[PDB]
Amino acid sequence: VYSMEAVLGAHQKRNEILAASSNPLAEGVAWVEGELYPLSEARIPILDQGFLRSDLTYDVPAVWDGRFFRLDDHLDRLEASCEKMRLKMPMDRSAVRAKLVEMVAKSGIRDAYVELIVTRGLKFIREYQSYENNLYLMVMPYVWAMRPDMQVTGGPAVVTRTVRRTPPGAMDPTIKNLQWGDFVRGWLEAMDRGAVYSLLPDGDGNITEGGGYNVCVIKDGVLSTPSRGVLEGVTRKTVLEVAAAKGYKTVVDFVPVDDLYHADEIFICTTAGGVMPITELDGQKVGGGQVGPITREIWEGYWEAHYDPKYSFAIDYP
């Protein structure tokens, strides 16, 4: 009952119900300076340093089938990110958690992409010690980095050769951030070259991540994923737990670019889409060019976890 057909099919039914809603928040809602707005109408001050300097961190939990998934792991990473950035979230954690549930519940959205953004505020970094930081919350329908119909077949990727990952000595990649100069270049290279997804090298022979997602490489029943140079994804975390539970070895360590070309399976993972199979790389088949059996087991176990009360709780909709 956690097959692709079952999970994606039910989502599609929930989508058609949402499309028929007359709720003005059904297309999304934002929290700005204490008030709720329809997402298409929400506006932020142009002087905000999150805009003028991308001086911000953010995080993104999701709601699936009316259940929040690992919200507390996302709130922990956001608070760790803020500490690294010398930001202080302007709202208490319990109040943020309750606000998010209220926004989702009022929207009626059962499958939601939920974004929290903490910015430096209006003052330049030279005055960061007044900690006059700003907070924005957004709730919108679930975002698919790889659409359902493409997850059934897997998608095409390239290892980029015109762009590499911003190194950790320039920007710490364990801070989820919106400075996507490299990632945007990767989307453009993939489109130029006849693919969709881009996998960025680190400049010294190893693969890192892409614009929105971690990468997992499978070889002889061993799932390998980069340790350095990448966000420590919550999806990746779940994937490592699931793969272990099902009898596969997991390795978090350097993954040479050259290993991508000998893999049995490859997938990318992110809150915005889940487990996303990669079945073509640089124009060649990955493995058999179909969704591999280990990826499939992990995919199903990922979505099963969304109904586990250890990792999720249900929202009370009006």
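Numbers for residues come from their place in the sequence shown, where the first is 1.
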- Note to self: of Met103, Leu231, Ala157, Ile218, the C-alpha temperature factor tops out at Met103
- Have a look at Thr119, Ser81, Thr225, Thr153 and flag the one whose Cα has the highest B-factor in the entry. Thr153
- Taking the C-alpha B-factors as the PDB entry records them, is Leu137 in the lowest, middle or highest third of its chain? middle
- Item | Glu27 - Cα temperature factor, lowest/middle/highest third of chain | highest
- Message: What third of the chain does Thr250 rank in for C-alpha temperature factor, lowest, middle or highest?
- Response: highest
- Item | Third of the chain's Cα B-factor distribution that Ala190 belongs to, per the entry | middle
- Message: Sorting by Cα B-factor within the chain, modelled residues only, which third would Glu41 end up in: lowest, middle or highest?
- Response: highest
